[PDB]
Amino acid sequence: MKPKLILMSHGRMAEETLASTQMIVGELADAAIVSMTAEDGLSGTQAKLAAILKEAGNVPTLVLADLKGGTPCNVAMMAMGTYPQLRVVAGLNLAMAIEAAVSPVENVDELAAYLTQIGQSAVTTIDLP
């Protein structure tokens, strides 16, 4: 067993990140997606996430959110008041999604910490000789 994965973003970034991840790891990438439109706002985004979390119930779950302090990330954070096995990591990049897809890490806290280090290590300037 493995935490369930959800990618959340403004607009269609998260949906395309999943699709891009599938170019590298194929069907191993299978996260649920919350794509906040401008029509959604806070309440629409909350409802979208709530439909996913309600359908899963009290199971280890990790949201990879696009951006600290954006409405999608805020909504994921506020859901942690309800779901004790939900964790959230912000700053979604493709390395994080690939590693989340392939990681055998079971524990949701360990997975969050690992993907946090992965995502940070993935950001570098490409420095030529």
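Residue indices: 1-based, along the sequence shown.
Remark: stretch with higher mean C-alpha B factor among 34-42 and 62-70 is 34-42.
Relative to its counterpart among 103-111 and 10-18, 103-111 has the higher mean temperature factor, C-alpha atoms as listed in the PDB entry. Comparing C-alpha B-factors across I52, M78, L92, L86 in the deposited entry, the largest value falls on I52. When the CA B factors of the chain's modelled residues are split into thirds, the value for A29 lands in the highest one. Ranked against the other modelled residues of its chain, the C-alpha B-factor of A56 as given in the entry falls in the highest third.
Annotation for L5: C-alpha temperature factor in the middle third relative to the rest of the modelled chain, per the entry.
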